[PDB]
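The chain below stands alone, shown as structure tokens; this is the form deposited without the ligand.
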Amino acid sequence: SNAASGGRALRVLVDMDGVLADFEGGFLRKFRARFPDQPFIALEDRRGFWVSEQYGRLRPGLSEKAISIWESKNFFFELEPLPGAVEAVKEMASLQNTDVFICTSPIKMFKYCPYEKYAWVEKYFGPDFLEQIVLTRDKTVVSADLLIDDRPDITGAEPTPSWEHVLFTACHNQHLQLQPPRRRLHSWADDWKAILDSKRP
């Protein structure tokens, strides 16, 4: 909930793919269904942020096939929420002196992805939550106290972002050793309120 007039709420950016929406599982399911005769990467064997790069090393032309899954209509809209995500973000947004924004990067092909991300937020959070969406390829130019995001390397035009990046665990990042004092949120069952509270006055 917003701070009282001109006052200062804790601001939390919550990433979408890999934090709210199960991109990795949705991708794998639809890849295997569309391309049943191709090899695939089990989630436990995922390494590195870019799915298409790992697929492209697996077999010639597989990068392009992988891309064709997330460029397809309904890919983003049909993603399942991660366990606990919707419930946690609803709770978070209801907290005193706490403003939550969903900060998400679209893919390069824009026919469906922006639209379906708005539709997905409406679906799980309601029409009023649409006001909290920030769609951007560069998250460093969005100011906040925290960014909860599964991407390990979050860079852009601002060399010194205002947020602390807390790495949300995903299959592709779970083995990564981070430079102290970087930290993780391991799942939505993990203690996200303690992380928020550590940044409060």
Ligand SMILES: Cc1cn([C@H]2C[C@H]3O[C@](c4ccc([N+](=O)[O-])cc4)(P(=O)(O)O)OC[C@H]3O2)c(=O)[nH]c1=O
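Just count from 1 along the sequence shown to find any residue number.
A second form of this protein, the form deposited with the ligand bound, is not displayed here; the remarks below concern that form.
Legend entry - Close approach of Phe49 to the ligand in the deposited bound form, 4.5 Å, heavy atom: The answer is yes: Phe49 has a heavy atom within 4.5 Å of the ligand.
Inset, instruction - Check whether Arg151 has any heavy atom within 4.5 Å of a heavy atom of the ligand in the deposited bound form, and answer yes or no. - result: So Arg151 counts as contacting the ligand.
Legend entry - the ligand contact in the deposited bound form: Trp188, any heavy atom under 4.5 Å: No, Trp188 is distant from the partner.
Legend entry - Exercise: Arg137 in contact with the ligand in the deposited bound form, heavy atom 4.5 Å: The answer is yes: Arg137 has a heavy atom within 4.5 Å of the ligand.
Inset, instruction - Could you spot which one of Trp163, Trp70, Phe31, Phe168 gets a heavy atom to within 4.5 Å of the ligand in the deposited bound form? - result: The residue from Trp163, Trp70, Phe31, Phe168 that makes the contact is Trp70.
Inset, instruction - Heavy atom within 4.5 Å of the ligand in the deposited bound form: which of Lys123, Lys111, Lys90, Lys108 fits that? Just give me the one. - result: Contact residue from the list: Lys108.
Legend entry - Neighbours of the ligand in the deposited bound form among 7-22 [non-hydrogen atom within 4.5 angstroms]: Going through 7-22 in order - heavy atoms within 4.5 Å of the ligand in the deposited bound form - there is one hit, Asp17.
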